[PDB]
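Encoded as C-alpha cells, the structure appears first; notes follow it.
A short reminder: the numbers here are calculations on the coordinates, not readings from a lab. Cβ sites come from the backbone with ideal geometry, for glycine too, and all protein chains shown count toward neighbours.
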Amino acid sequence: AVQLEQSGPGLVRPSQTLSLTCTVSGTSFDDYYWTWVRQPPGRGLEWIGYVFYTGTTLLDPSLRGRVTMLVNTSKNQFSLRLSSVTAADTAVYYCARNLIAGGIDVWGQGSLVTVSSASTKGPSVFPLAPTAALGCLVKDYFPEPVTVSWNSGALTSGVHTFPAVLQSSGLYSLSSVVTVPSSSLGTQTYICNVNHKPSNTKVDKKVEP
Amino acid sequence: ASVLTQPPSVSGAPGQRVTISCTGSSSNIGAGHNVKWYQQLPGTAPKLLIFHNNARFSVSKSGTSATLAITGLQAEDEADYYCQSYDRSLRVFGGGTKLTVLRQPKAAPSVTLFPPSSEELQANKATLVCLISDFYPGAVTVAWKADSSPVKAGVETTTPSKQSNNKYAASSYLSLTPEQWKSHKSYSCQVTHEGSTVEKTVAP
C-alpha cells in the first residue's frame with residue numbers, strides 16, 4: 001500500500017549532524033507534506049517539520065537553525081538533517097504523510113537514533129538450549145536496537161523477543177525465545193538471525209539440544 | 001501536555017464512556033483550526049483516528065478545547081492518545097493521555113529459567129536468564145537464590161513493559177563466574193506477583 005521507510009545512522013556523536021532519509025512508495029509524491037515527527041524515549045510526540053515537493057517547508061520553531069529538509073523527486077525520497085545534536089535528540093524518528101488538510105495518515109515504522117559518545121559494539125550470541133522453549137541470548141551490544149528473526153523469518157509462531165536490559169556496563173542484552181513442539185527437537189532446525197545494524201554485525205546461531 | 005494540554009492519565013471500566021480533553025489557546029484550537037487524534041498502541045507508530053460512521057469514538061470542540069469520547073470502552077482501547085492541531089502551518093501535538101481499562105483479570109506470570117550455555121562458560125562468564133511473561137497487573141518482585149541463600153550481587157532486572165496483548169513481560173539476568181555457578185547445587189529465580197510466588201530452579 002502506501003509504504004514509508006526511514007533510513008539513517010543509529011548512533012550519532014554529540015555535535016555531529018543527524019541525517020535520515022525516507023523512501024516513499026505506493027503514493028504520488030507531489031500532493032503531500034512529507035513529514036518528520038520524533039518521540040524521545042518515554043516522552044510524547046514532537047513535530048519537526050514538513051517539506052512539499054516544490055520546496056515549501058516549515059519546521060518547529062524550537063529547532064530553528066538546526067533543520068534542513070531535502071527532497072529528491074527522482075528517487076521519491078526526502079531527508080532530514082539535524083545539526084549539532086546533543087543527548088536530547090535521542091529519539092525514534094518517524095517520517096509520515098501529512099494530508100495538508102486531514103492529518104497525518106500514514107507513518108513509517110520509526111528509526112531509533114541514539115546520540116552518544118560511546119562506540120557501537122555488536123552482540124555476542126549464545127544459544128539457550130531447550131513444548132520446549134529454546135532461545136538466543138544476545139549479549140552486550142550498544143546501542144539499541146537489535147533485530148532477531150528465526151529461520152530467516154520462516155518461524156513466527158510462538159516467538160517472543162523480550163525488552164533489552166541496560167546493564168551497569170552501559171551495554172544492553174536481550175533474549176528471544178520460541179516455544180516449539182517437542183517432536184521437532186531433532187527433526188527441525190532452529191536458527192536465530194541477529195542483526196545489529198549500528199555495528200553492521202549479523203550473527204546466525206543454530207540452537208541444538 | 002506539550003503546546004496542547006491533555007490529562008496524563010484517564011481510566012474507565014468496560015462498557016463505560018470516557019472522555020479525553022485537549023486544551024490549547026487562541027492561536028491554535030481557538031483559531032478555527034481542526035483537531036486530529038492519534039492512537040498509539042505499545043511499540044507501534046501512531047494511527048490517525050477516523051470518526052466517520054465510527055460507532056464508539058466521537059469528538060467535541062468548544063473554544064480552545066476539544067474532547068475525544070469513547071463509549072462502550074473495551075480493553076483493546078488501552079493505548080496512548082494524542083491530540084494535534086495547527087498554529088498557522090505549524091502542527092502542534094498534545095502531550096498524551098494513557099488510557100487504562102479497569103477491572104481487568106489478574107494474570108499470574110509464566111516463568112522460564114535458562115542455565116548458562118557451555119559456550120558462554122568457555123568465555124569464562126555465566127548468565128542465568130529468567131524470563132517472565134504474561135502477567136497482570138504489571139509489578140513483580142524477582143529474587144534469586146543460590147541453594148537457599150539470597151543472591152543480591154550481579155542481578156539486572158528490567159522494568160515490566162506492556163505487550164500488545166495488554167499483559168506485561170520482564171527479564172532478570174544473574175551474572176556469575178563459572179566457579180560460582182559450579183559450586184552450588186541449585187539456583188532459583190523466584191518471582192512474586194500480587195502475593196503469589198512462582199519459583200524455577202536450575203542445577204549445574
Out of B:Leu41, B:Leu99, sole residue that is surrounded by 14 or more Cβ atoms within 10 Å (Cβ to Cβ) and touching a helix residue (DSSP H, G or I) at 6+ places or on another chain (Cβ under 7 Å): B:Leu99
message: Contact list please: Cβ distance under 6 Å, first residue in region B:126-142 and more than 14 Å from chain A (Cβ to nearest Cβ), second residue of a type in the set (D, E, K, R), pairs at least six apart or on different chains.
response: B:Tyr136/B:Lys167
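Would you pick out the residues in region B:32-43 that are within 11 Å of chain A (Cβ to nearest Cβ) and either in contact with an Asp or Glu (Cβ under 8 Å, 6 or more places away or on another chain) or not β-branched (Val, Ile, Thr) (or both)?
If the condition is that a residue be within 11 Å of chain A (Cβ to nearest Cβ) and either in contact with an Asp or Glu (Cβ under 8 Å, 6 or more places away or on another chain) or not β-branched (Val, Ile, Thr) (or both), then B:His33, B:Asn34, B:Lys36, B:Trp37, B:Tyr38, B:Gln40, B:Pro42, B:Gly43 are the ones that fit.
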- line: Within region A:98-112, the residues that are in a strand (DSSP E or B) and within 10 Å of chain B (Cβ to nearest Cβ) are A:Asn98, A:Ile104, A:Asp105, A:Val106, A:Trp107
- line: Condition set over 16 Å from A:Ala91 (Cα atoms) and assigned to a loop (DSSP other than H, G, I, E, B), scope region A:16-50, selection nearest to the other protein chains (Cβ to nearest Cβ): answer is A:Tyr32
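Being within 11 Å of chain A (Cβ to nearest Cβ) and within 23 Å of A:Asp140 (Cα to Cα), is that true of even one residue in region B:174-190?
Checked region B:174-190: at least one residue is within 11 Å of chain A (Cβ to nearest Cβ) and within 23 Å of A:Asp140 (Cα to Cα).
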field: Hits in region B:1-31 - residues which are within 14 Å of chain A (Cβ to nearest Cβ) and of a type in the set (A, V, I, L, M)
entry: B:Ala1, B:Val3, B:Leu4, B:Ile20
field: Complete set of residues in region A:161-191 that are crowded, with 18+ Cβ neighbours inside 10 Å, part of a strand (DSSP E or B) and within 11 Å of another protein chain (Cβ to nearest Cβ)
entry: A:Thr161, A:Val165, A:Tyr172, A:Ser173, A:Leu174, A:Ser175, A:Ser176, A:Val177
message: Within region A:57-86, take every residue that is surrounded by 11 or more Cβ atoms within 10 Å (Cβ to Cβ) and within 14 Å of chain B (Cβ to nearest Cβ) and give me the one that is nearest to A:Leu18 (Cα to Cα).
response: A:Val67
message: Take B:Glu156 and tell me if it is at the interface with chain A (Cβ under 10 Å from one of its Cβ atoms), over 18 Å from A:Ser168 (Cβ atoms) and either in a loop (DSSP other than H, G, I, E, B) or not aromatic (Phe, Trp, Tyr) (or both).
response: no
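Can you confirm whether A:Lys139 is charged (D, E, K, R) and within 14 Å of chain B (Cβ to nearest Cβ)? I'd like the intermediate steps shown before the answer.
Working: charged (D, E, K, R): yes; within 14 Å of chain B (Cβ to nearest Cβ): yes.
Yes.
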query: Given the structure, is B:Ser171 under 17 Å from the mean Cα position of the chain (by Cα) and either more than 10 Å from chain A (Cβ to nearest Cβ) or buried (at least 19 other Cβ atoms within 10 Å of the Cβ) (or both)?
result: yes
query: Taking region B:79-107, which residues are part of a loop (DSSP other than H, G, I, E, B), touching a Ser or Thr at 6+ places or on another chain (Cβ under 6 Å) and away from chain A (no Cβ under 14 Å)?
result: B:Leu102
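From the list B:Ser60, B:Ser65, B:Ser110, exactly one residue is more than 9 Å from every other protein chain (Cβ to nearest Cβ) and exposed (fewer than 13 other Cβ atoms within 10 Å of the Cβ). Which is it?
On the way: B:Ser65 fails: exposed (fewer than 13 other Cβ atoms within 10 Å of the Cβ); B:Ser110 fails: exposed (fewer than 13 other Cβ atoms within 10 Å of the Cβ).
Testing whether each residue is more than 9 Å from every other protein chain (Cβ to nearest Cβ) and exposed (fewer than 13 other Cβ atoms within 10 Å of the Cβ) leaves just B:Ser60.
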